[PDB]
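The form solved without the named molecule is given below as one chain in structure tokens.
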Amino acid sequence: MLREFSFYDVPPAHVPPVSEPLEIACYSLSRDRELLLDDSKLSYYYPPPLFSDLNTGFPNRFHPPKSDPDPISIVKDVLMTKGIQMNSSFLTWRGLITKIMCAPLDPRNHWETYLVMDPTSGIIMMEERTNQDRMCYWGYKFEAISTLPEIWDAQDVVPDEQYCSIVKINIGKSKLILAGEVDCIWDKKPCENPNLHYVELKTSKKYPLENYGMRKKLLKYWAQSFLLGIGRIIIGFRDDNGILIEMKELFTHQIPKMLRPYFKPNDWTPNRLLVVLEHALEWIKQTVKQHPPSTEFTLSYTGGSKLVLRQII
């Protein structure tokens, strides 16, 4: 069977309450993508030199990251190994909620996720089952030059090596456990919820906020970081040569405030994106629960203004 959810059919409701995302676990990945149950790979933000060349090391010092998606079983394994209870509606990768949330924003980004309700936990688990160009490298290079590893208590661009935060976040009536890569931390991790100390690093050409493309890009920056409770998004603005010309430190909560003067009528706004997401998540829950556990579904966005949930029979 087929179910549809239309973005524009969502009733005009108040923005759902969203809890402060609470870290329940973290882990690291080695350069060979090996899971490590520690923060050996959490690094610190330190501003890189202005006019750094983001082409340096491409492609000979570049080790492109794994192309295939990771199974969500990993996060479950991690939590099980640590003896952490999982009591939520959803378990997935932050990035897959970003896709649902931002679907109304980029009709060109088509995607497909797999969902199954676990027969023991009753949690809906979501994953993908189906990268190395110069532009991508600019982003990875900016992350590499902007970060300092732990040294006191412990160049090749190897994006496989990373640190990850697993969070509980509630969006209205939906409880989610989300795992996502954290680029670095602003200062020492409170050994206090750590997430507002976390930093996301981005590289972009700078456009005025008048520019629709720029606003949309910022909205997606905001959405991604909002879902993991990240406090800061730091943008390395680059020119067409890939030279770092300016850095801009933003607080995540400031992006919607900063964008307020520039939204044209009928623009998707942070508040509207949250309303639609809550309704999307509620729809997914009710649909999945019309079937026995271990029923596999595909959730698809293939342009237009609808999500499609398909039972795999």
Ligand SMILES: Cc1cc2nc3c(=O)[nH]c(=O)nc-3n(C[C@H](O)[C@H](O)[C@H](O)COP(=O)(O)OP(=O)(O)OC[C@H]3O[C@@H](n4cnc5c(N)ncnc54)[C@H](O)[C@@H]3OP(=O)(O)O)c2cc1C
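Residue numbers run from 1 along the displayed sequence.
The protein also exists as the form solved in complex with the named molecule; that form is not presented, and the subsequent description refers to it.
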Shown form pocket vs the named molecule in the deposited bound form, superposition, backbone/C-beta distance 2.4 Å: blocked
task: Given the named molecule in the deposited bound form, answer whether the residues 65, 128 and 180 all have a heavy atom inside 4.5 Å of it.
output: yes
message: Please determine whether residue 232 contacts the named molecule in the deposited bound form, using a 4.5 Å cut-off between heavy atoms.
response: no
message: Check residue 89 for me: does it contact the named molecule in the deposited bound form (non-hydrogen atoms, 4.5 angstroms)?
response: no
Non-hydrogen atom contact residue 238 with the named molecule in the deposited bound form at 4.5 angstroms: no
- prompt: Wondering, does residue 195 line up within 4.5 Å of the named molecule in the deposited bound form on heavy atoms?
  reply: no
message: Please tell me which of 172, 242, 95, 104 lies within 4.5 Å of the named molecule in the deposited bound form, judged by heavy atoms.
response: 95
task: Find the only residue in 116, 158, 79, 201 having a heavy atom within 4.5 Å of the named molecule in the deposited bound form.
output: 201
statement: Within 4.5 Å of the named molecule in the deposited bound form, heavy atom basis, the matching stretch of 140 to 148, 116 to 124, 79 to 87, 210 to 218 is 140 to 148
query: Heavy atom within 4.5 Å of the named molecule in the deposited bound form: which residues of 224 to 261 qualify?
result: 224
